[PDB]
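Below is one structure, written out as structure tokens; the observations come after it.
Just so it is clear, the values below take in all heavy atoms, side chains as well, and ignore hydrogens, waters and symmetry mates. A, B, ... follow the sequence lines: proteins, then strands. Residue 1 opens every chain.
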Amino acid sequence: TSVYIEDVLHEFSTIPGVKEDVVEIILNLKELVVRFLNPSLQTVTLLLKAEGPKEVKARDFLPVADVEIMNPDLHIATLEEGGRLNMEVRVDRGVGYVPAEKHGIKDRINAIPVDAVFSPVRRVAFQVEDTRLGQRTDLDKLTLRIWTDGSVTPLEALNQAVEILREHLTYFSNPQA
Amino acid sequence: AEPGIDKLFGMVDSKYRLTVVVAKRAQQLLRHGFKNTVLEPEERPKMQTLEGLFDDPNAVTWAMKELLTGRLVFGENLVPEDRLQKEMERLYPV
Amino acid sequence: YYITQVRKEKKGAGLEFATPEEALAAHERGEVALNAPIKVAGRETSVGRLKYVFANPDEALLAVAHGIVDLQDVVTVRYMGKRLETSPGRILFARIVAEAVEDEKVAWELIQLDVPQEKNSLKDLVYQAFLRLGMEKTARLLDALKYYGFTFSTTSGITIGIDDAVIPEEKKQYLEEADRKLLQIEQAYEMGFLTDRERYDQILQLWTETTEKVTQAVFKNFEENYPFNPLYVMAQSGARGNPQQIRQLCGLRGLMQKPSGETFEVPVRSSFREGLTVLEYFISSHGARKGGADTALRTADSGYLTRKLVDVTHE
Amino acid sequence: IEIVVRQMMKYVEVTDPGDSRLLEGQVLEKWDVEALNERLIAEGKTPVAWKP
Amino acid sequence: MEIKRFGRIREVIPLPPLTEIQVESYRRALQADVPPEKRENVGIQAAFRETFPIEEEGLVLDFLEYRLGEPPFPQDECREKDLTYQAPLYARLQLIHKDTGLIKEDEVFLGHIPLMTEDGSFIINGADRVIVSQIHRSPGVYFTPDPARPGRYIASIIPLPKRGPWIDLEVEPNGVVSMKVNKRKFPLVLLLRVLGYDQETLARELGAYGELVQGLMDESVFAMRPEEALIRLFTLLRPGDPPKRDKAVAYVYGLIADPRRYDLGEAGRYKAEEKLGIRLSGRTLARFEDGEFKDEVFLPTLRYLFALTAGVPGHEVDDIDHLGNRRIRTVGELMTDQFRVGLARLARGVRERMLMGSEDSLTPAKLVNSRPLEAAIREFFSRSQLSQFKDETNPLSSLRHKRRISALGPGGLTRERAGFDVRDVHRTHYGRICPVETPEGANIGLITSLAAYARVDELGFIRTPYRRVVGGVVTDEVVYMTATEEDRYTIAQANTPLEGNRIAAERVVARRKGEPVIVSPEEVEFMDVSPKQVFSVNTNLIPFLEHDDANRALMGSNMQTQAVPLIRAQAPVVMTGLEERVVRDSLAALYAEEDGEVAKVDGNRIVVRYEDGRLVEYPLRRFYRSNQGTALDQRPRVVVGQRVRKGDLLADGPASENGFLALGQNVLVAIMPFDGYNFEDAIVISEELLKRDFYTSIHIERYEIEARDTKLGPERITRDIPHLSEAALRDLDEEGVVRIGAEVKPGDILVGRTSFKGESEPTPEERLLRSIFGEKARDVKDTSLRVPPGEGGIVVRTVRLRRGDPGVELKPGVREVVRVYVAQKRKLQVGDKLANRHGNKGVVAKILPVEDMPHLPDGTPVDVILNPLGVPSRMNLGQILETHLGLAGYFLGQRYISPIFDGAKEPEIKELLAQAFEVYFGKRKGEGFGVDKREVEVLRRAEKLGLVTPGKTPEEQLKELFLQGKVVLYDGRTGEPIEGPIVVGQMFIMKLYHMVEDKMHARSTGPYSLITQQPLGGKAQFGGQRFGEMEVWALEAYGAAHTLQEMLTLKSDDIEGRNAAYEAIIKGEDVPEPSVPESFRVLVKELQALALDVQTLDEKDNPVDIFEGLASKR
DNA sequence: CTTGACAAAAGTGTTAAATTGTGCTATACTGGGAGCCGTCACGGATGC
DNA sequence: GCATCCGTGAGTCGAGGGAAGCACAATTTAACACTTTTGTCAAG
Ligand SMILES: [Mg+2]
Ligand SMILES: [Mg+2]
Ligand SMILES: [Mg+2]
């Protein structure tokens, strides 16, 4: 949701000793997958302190309790000799796609709001086959295929979707007339 | 389309006469704060606001609905303008 | 137009029977198609009209929803006390108009059920609705038509592919005939029986005749083999395109004019699907530029004429 | 188109002034010369001859 | 992502430097590197050698050499300080006193010559500018047919523009040949006699044709002496001036024999020699030597005219639109012409100064005043029509702008006085000027683009390359040749089949004088190099161009220029092969000079260790604002220690991906109507495009404020602005400027400025208010700079220029200037304009969620939905083929290079689609999934439409549909399939510069005009919408009399009416009845100023005062 | 609602200083200079 | 009959565009001590 980089005022700047500009670093961060092991955890801040020369990845974030990085091999930046990257990434929990202009979350003065795509599910397909039982041949076999980023397993996502649909079906219970 | 627009066009010999009547009635309604209306309380145009239903502030809608009801008399050389305004002020103080 | 156009089949297309049971049994055996025109005993009908007889539009559209029949299949429906033989798409259009105008009888009298709804039929429907109902009901009908047309054009499956520009098999034969006639004209000119101007005129007439024949072949192929072709449907319904553009896409580009006005002796024998050559593209560029300049200089004259007409009749 | 042509054919040209102050060859409006002619006929004077 | 290349034509030569038309021309004009003694007589050197020596006639000012110094400031400093990137120009001059015979030499500073940057543009007043080349009629001798009278010809002698009058020679009906000069007709017999011509000479030379010479044998003036004939001609040309021999000879010599006032030009002289078959000694119509006039061109011109009228086989009329008769003035020639004009003015000043003053005590520095030369040069580089604000939306934009050719400008045609003939595509445009690329509208045909392989020669004639064909074999010998030379050969087409180098086809399509013919291989003499030479750089970037109608290819090529750079820009899947060359020649990307190893990689710089050992540091242009506000940044594409070879890419420029031109995004496109959101060119996009930041650009806006000196006191740029809370001043620093990195919205303060209020006593109500609140009125007021409505972003730069700073030439009275650069990251939104290379354009009308878009059976949603109905009317089938090839590449993970007119054909695309379907369905089969029920329904419907063969298995029918480019597409809202297969593919779409963010504007009240008091116009000025004549006509036709009266009076210029209307509205009342407009009062006053008594009357003819008694004298 | 002073902001004369308007300069000098065709094409009106 | 002259040629929008001294007389302005009136504050 938010990123703050030391000695960086806005996202339209370049960091000395860093090959990527702040826009590219934020784009890389948007692909970071963070899994909260605590259901009551709503916000985390991951601290990254790196010194060149190196290829700073997602595994270089400092470990946090009840927080896991599902893609440690994600490339974040390339630090050249003499370059430093001190940054704090605020990761929130939510639903849907919230642009940075809507939430506008800044932990401090120089924090940069980041467009947040909270949906863990990457792709959904469903397939219908002509299964047969007994003497009837018009039956349906349904197969749901779910690709998820790994923070939420596909079974958990399916269970949540079923529960949401059930809760919405309960909305047809009390007629207001 | 405006509700009852066909009837409004058919109630006058010229559509611009209809427009003139509607506009003059709307101005009469605005000047007297909608207290000179010929609409029953169940016939007043209403708008849905977050607080609730309120009286429609658009006087043209009120004039069109009143003309649809048929309780308005329109024409030329009906009454003197000064006398009409004075009597309307007297019956409906503002 | 997509929902109000009916299907035509060719599998059966002509077999004669004695009783409708034999025609049906032939249908389940796969010998005759659903919409193929057949003769039961003496009358010409189709398997769709006999197999599917619906008691009301609700049952017909319920069968359509269950995939029993499509909107384009010609079936029998009991509508307004009459045993109509139409498609569920046309009955659906009738219901659309009836619900838009909130009057079954007037809406029935306003529409032409037995034809697909092109631009002209829709315009006539709008005009008749305006005459019979007024501005309010006509605007309601216009909104209903807009909604249903958008929904059905979305769910129908209209798309443009490279194979949708069907090349007729007659184009090659027509081009070979034109080449042989051109060789004959050249031999006659070498023999001196005709001069330069009449040879050029004969070449132009031959190429114009070939262009017309190719246009006719393109549209005949569309109306016979691909009646639901996207280009053909768009042209016929009036949604988009004219036969000239359909020819340029499907047939041949045709003759092009020099910047002086004269037409080149060699036409553009290749369409846009086949792809023009560099020379043909440069030749067509002359006409394209001429048309663009004409359009550019015509706006000023039209506006000046409009201002003159306003200022002479403003009072 | 008929309205525009009516505006086009709105004028006439005097050929014989008659008992009026108009000049031969003067161009005026058809309504004006018709009104002048009917007025002249009212008091018994030679009507103005005009040409479309 | 491998690249598959199509095509069979082997190009023997590469594309020439795309900016050479600018760079080489300006290098020739300046000659700054060649030593002065080896400089050739061209350009400003030619101007110097022409205007000099300057002789009063014993003072002679002779020019010896010139030199150009190093520029005072670098290009970045010139841009940052609003300076002109120029080099000092000095001239070495000697003053000779013919009386004494003494020479004094010194170097005089003639001024500053603007310098061309490496990319081909100039920096004028800190702004990038491009000098557009101008096409015009080449000078020389032409012979056109007389339209009024058949069978007659008129000869036109045309010099360089503004370098002499046109000379007309026409055979009149009487039989006397008439010469027309300066709108005056006179008998050519007289001037021919003035040139020392007798009766016997004319009878011998021009007497072999017929009665035409007999019409040139008037003996009434032949026996007349040349001197009196010259005086008589002088009386003809300018009647009234006292006839004097010296004045007359001076006038005739200036008119026809003065190189300094008449100049036929190098191109003109060459054309005259080529046409008339003669050899001109100079570039004048006659020479003045030995106190007498000798003919140069009048006799050959008249001989050619007489022979052409007679009907000799070897003489023909000249097509003035033939591109061999039309020439190009590039930046060098235009700059040289303006330099020569300024030098002539300077010579006038030098002549007038040496007339006065002490002839003994005079130096070349004192005589020479360089101000006129600098004035002429600055006027040319600033206020010329051909000096245009550089179009640098993307590198392709600047590349196009540098290759544009304009028929307009000083010395060219007029936008409205140009007919169809000048705007048509001549047959000689083939290979030299792009036929399809031109601005549709009032400038169609008037502005064009140079062809890709075309180059302008020394004389200004566009040449195109052709491969020499001898004996049926096509050689690698390439000849660059002009249209007049091209007309003499039979030129084959580049697509002619070849068995190696021998022409294989028995029938070869060729051109003879522009006409298409069918010839044998032995009759072919030249061949086209490639199909690319016929089209410009922009048009060569459109794949499957042969399937697009020219009217839509024009739009596609024009819109490629308007595409904005994207933060995630990626090169098209289907390319033509010019993307790499466009990026390389645009100089936006950075490349390695030679082989070496990268030492340091950073977002700001790249340090490279070359093989020779030298460290080279290349700073990276980062977040630079172009002329159109787009962000131009270079991103490093190398890592530390990476070995780079010569020419290897070091950093992408704007709109480039790994050295390939990337003007947009490659998106999954479904061609199908969607709920009316595709209606009439509208475009539907997925929210997934915004989620992963496609079509997202960075735009920088510059806001400028000035603190000035005023009579009441100086304006102060300070943070202490009167009557503002801390919330308004929160983001301002201690100096009064907004802090860098602050987020600013409309109404926020950028730079705080206070100005001294005009001395004026307040209104009594204000005085009572101040007394009640006990607040003393301050002496200063808020005049700070705020963000305009609809704008904002992040403050990324602040620039403060103060008076006396090195190189900062502020205007007088301006203490300082502050510029704020605010950058905003714009995402794709409703109202933004998308396009493709095939002319298909439209605004985004709906942004759907991912679950609403149609999706493939594997679950992949489409990105964009296009309406198929835009294809049939526009006849641009190239987008369909690009979509098919993109689908094939998307499932095969590869890109394609298909050159225009020689590339991927349908069988190749179908084999690629077969491979793509193989992978796409083998994945499903391996995953353990058969054919969907709804896929079966779609297949049944398709076989009812004849799209698939009956009797095949569902897999085979799906393969057939895939080969047709169609797939079974599902509806995300219903889950049911689209009833017909839909063309789904991958297509390259550009986000154009036209955005609703910069175009939305609204106004209630604002600024008004000075005279008419009507609202101003323009979003920048917060102006109203022009309700012109046609809108008034529409209201009159509607009968809306009161709405029209309001728009005419209450909302435009009824000052009392508009004030009362606003006051009534804010009080909840109805607006009052309007009054007379102020425009009518202005009209009445102007008519009175014309001494016309305009009076407004009433029913009884009495005057009515519309001025409220304010103009009546008591 | 009154005087009974009094600091001060305003108004009032002259004056020295800038600021501005006017005359005058005596070898002899004596009729301009920038022009420059894709001349824009075409009706309407006057008038020779 | 032709020659010459004159007035006409779409709309909206943006974007940047933006020979000279020198002397001398009048005249105007600034400044400057002085009289004021104009506010105030003090009690009666
Ligand atoms: Mg994520
Ligand atoms: Mg049945
Ligand atoms: Mg344009």
Side-chain angles (χ1 to χ4, degrees), chain C residues 295-310, chain E residues 82 124-129 134-139 142 144 147 154 156-168 180-184 237-238 240-242 244 247 250-251 254-256 258 261-263 285 318-321 325-326 341 344-345 348 352-353 355-357 382-383 387-391 407-408 411-423 441-442 446 627-629 702 704 706 811 814 993-995 998-1001 1017-1021 1023-1034:
Chain C
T295 295
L297 308 200
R298 184 174 40 186
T299 50
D301 302 3
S302 171
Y304 188 36
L305 176 56
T306 297
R307 186 164 189 271
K308 293 178 186 172
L309 298 186
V310 160
Chain E
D82 275 7
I124 309 309
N125 300 128
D128 291 331
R129 294 194 145 271
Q134 175 181 63
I135 191 177
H136 73 97
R137 298 190 49 180
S138 177
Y142 301 119
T144 67
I154 189 167
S156 306
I157 302 180
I158 310 172
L160 270 190
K162 294 181 176 67
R163 297 294 295 159
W166 291 31
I167 306 300
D168 276 2
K180 177 194 309 179
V181 181
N182 288 318
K183 293 183 285 184
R184 294 181 179 277
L237 303 189
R238 295 178 67 88
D241 286 358
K244 312 175 185 178
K247 299 298 293 295
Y251 183 78
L255 179 84
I256 62 170
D258 187 6
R261 295 181 66 241
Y262 193 93
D263 188 2
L285 297 205
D318 268 15
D319 186 4
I320 59 153
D321 276 310
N325 305 341
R326 296 232 286 170
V341 175
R345 296 205 187 105
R348 178 191 316 296
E352 67 182 1
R353 290 182 180 178
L355 188 152
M356 51 172 98
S382 297
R383 284 154 295 211
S387 165
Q388 304 177 355
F389 203 57
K390 183 180 177 178
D391 181 11
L408 317 169
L413 297 159
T414 301
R415 181 169 305 116
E416 293 83 3
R417 320 283 70 99
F420 302 95
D421 291 331
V422 309
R423 293 182 180 180
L446 298 189
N627 285 341
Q628 292 81 18
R702 174 157 60 118
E704 189 208 60
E706 293 176 349
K811 291 177 70 67
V814 176
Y993 171 80
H994 308 291
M995 299 176 187
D998 304 321
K999 302 200 170 191
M1000 176 185 111
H1001 174 53
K1019 171 173 174 177
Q1021 294 82 18
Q1025 298 300 314
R1026 164 78 183 182
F1027 211 71
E1029 292 173 281
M1030 325 195 59
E1031 292 81 29
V1032 176
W1033 301 343

(request) In whole angstrom, give me the gap between the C1' atoms of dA5(F) and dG44(G). (result) 14 Å
(request) Please name all residues satisfying side-chain hydrogen bond (donor to acceptor under 3.5 Å, both in side chains) with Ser156(E), sequence neighbours left out, ordered by chain then number. (result) none
(request) Send over the distance from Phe420(E) CZ to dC42(F) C1', rounded to a whole Å. (result) 14 Å
(message) What pucker do you get for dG17(G) when you go by the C1'-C2'-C3'-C4' torsion?
(response) north
(message) Check for me whether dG31(F) and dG32(F) meet both conditions: six-membered ring centres under 5.5 Å apart and planes under 30°.
(response) no
(message) Can you confirm whether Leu408(E) sits close enough to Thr414(E) that some side-chain heavy atom of one is under 4.5 Å from a side-chain heavy atom of the other?
(response) no
(request) Quote, to the nearest angstrom, the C1' distance that separates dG35(F) from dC13(G). (result) 40 Å
(request) Measure the distance from CD1 on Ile154(E) to P on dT39(F) and round it to the nearest whole Å. (result) 12 Å
(message) For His994(E), give me all partners under ring-ring contact (aromatic ring centres under 6.0 Å, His included), at least two apart in sequence or on another chain.
(response) none
(message) Need the glycosidic conformation of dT14(F): syn if within 90° of 0, anti if not. Which one?
(response) anti
(request) Please report, rounded to the nearest Å, how far the P atom of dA10(G) is from the CE atom of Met1030(E). (result) 11 Å
(message) side chain to side chain contact (heavy atoms under 4.5 Å, CB included) for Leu237(E) and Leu255(E)? Distances and angles first, verdict last.
(response) CA-CA 10 Å; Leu237(E) 303 189; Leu255(E) 179 84; 3.7 Å; yes
(request) With rounding to the nearest 0.5 Å, note down the distance linking CZ in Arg129(E) to CG in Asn627(E). (result) 9.0 Å
(request) Using the test salt bridge (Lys or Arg N to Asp or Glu O under 4.0 Å), find all partners of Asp82(E) that sit at least two apart in sequence or belong to another chain. (result) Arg819(E)
(request) Taking atom P in both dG33(F) and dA15(G), compute the distance separating them and give it to the nearest angstrom. (result) 46 Å
(message) If the condition is side-chain hydrogen bond (donor to acceptor under 3.5 Å, both in side chains), which residues does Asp421(E) pass it with, not counting sequence neighbours?
(response) none
(request) For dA30(G) versus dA18(F), give the span between their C1' atoms, rounded off to a whole number of Å. (result) 9 Å
(request) Decide if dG16(G) and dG17(G), neighbours in the strand, stack by the rule of centres under 5.5 Å and planes under 30 degrees. (result) yes
(request) To the nearest Å, give me how far apart CD (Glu416(E)) and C1' (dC40(F)) are. (result) 11 Å
(message) My understanding is that only residues two or more places apart in sequence, or in another chain, count here; which of them pass salt bridge (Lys or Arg N to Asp or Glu O under 4.0 Å) with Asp128(E)?
(response) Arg79(E)
(request) Grab the CD1-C1' distance between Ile320(E) and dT39(F) for me, whole Å please. (result) 12 Å
(message) Please classify the nucleic acid contact of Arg137(E) as base, sugar-phosphate, or nothing, using heavy-atom distances under 4.0 Å.
(response) base
(request) Tell me, please, which residues at least two apart from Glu1029(E) pass salt bridge (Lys or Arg N to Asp or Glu O under 4.0 Å). (result) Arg307(C)
(request) Verify whether the stacking test passes for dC42(F) and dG43(F), with limits of 5.5 Å on the ring-centre separation and 30° on the angle between planes. (result) yes
(request) Would you write the dot-bracket representation of DNA chain G, where each base gets (, ), [, ], | or . depending on whether it forms a Watson-Crick or G-U pair under 3.5 Å and with which partner? (result) .||||||||..........|||||.|||.|||||||||..||||
(request) Using the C1' atom on both, measure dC24(F) against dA19(G) and round to a whole Å. (result) 14 Å
(request) Name all residues meeting the salt bridge (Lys or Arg N to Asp or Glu O under 4.0 Å) criterion together with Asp168(E); count only those two or more places apart in sequence or in a different chain, and write none if there are none. (result) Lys180(E)
(message) Regarding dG9(G), can its base be found pairing with the side chain of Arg307(C) as donor and acceptor, where the two atoms are less than 3.5 Å apart?
(response) no
(request) Please identify each residue that fulfils ring-ring contact (aromatic ring centres under 6.0 Å, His included) with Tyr251(E), with sequence neighbours left out. (result) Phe234(E)
(message) Classify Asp421(E) by what it touches in the nucleic acid, base, sugar-phosphate, or nothing, heavy-atom distance under 4.0 Å.
(response) nothing
(request) Could you work out the separation of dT39(F) and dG11(G) based on their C1' atoms and round it to a whole Å? (result) 31 Å
(request) Round to a whole Å and report the spacing from CZ of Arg423(E) to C1' of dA41(F). (result) 14 Å
(request) Identify the nucleotide, in any strand shown, that forms a Watson-Crick or G-U wobble pair with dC37(F), with both distances under 3.5 Å; if there is none, say none. (result) none
All N/O pairs under 3.5 Å across the protein-nucleotides 14-21 of chain G interface:
unit_1  : atom_1 : unit_2     : atom_2 : d
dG14(G) : OP1    : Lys1019(E) : N      : 2.7
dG17(G) : OP1    : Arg129(E)  : NH2    : 2.4

(message) Can a donor-acceptor pair be found, under 3.5 Å and without considering hydrogens, that links the side chain of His1001(E) to the backbone of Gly1023(E)?
(response) yes
(message) Treating primed atoms plus P, OP1 and OP2 as sugar-phosphate and everything else as base, which nucleotides of nucleotides 31-37 of chain F get B, S or - for protein heavy atoms under 4.0 Å?
(response) --BBBBB
(message) Nearest 0.5 Å, please: how far is CE in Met1000(E) from NZ in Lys1019(E)?
(response) 7.0 Å
(request) For nucleotides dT20(F) and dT29(G), find the distance between their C1' atoms and express it as a whole number of Å. (result) 12 Å
(request) Mind calculating the distance between OH (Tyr304(C)) and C1' (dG11(G)) to the nearest angstrom? (result) 16 Å
(message) How many whole angstroms separate atom CD of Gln134(E) from atom P of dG38(F)?
(response) 10 Å
(request) Categorise the sugar of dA9(F) by the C1'-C2'-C3'-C4' dihedral sign as either north or south. (result) south
(request) Taking atom P in both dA34(F) and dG14(G), compute the distance separating them and give it to the nearest angstrom. (result) 41 Å
(message) Considering every strand and a 4.0 Å limit on heavy-atom distances, what is the contact class for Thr299(C): base, sugar-phosphate, or nothing?
(response) base
(message) Suppose we screen for side-chain contact (heavy atoms from CB on, under 4.5 Å). Which residues come up paired with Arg298(C), at least two apart in sequence or across chains?
(response) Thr295(C)
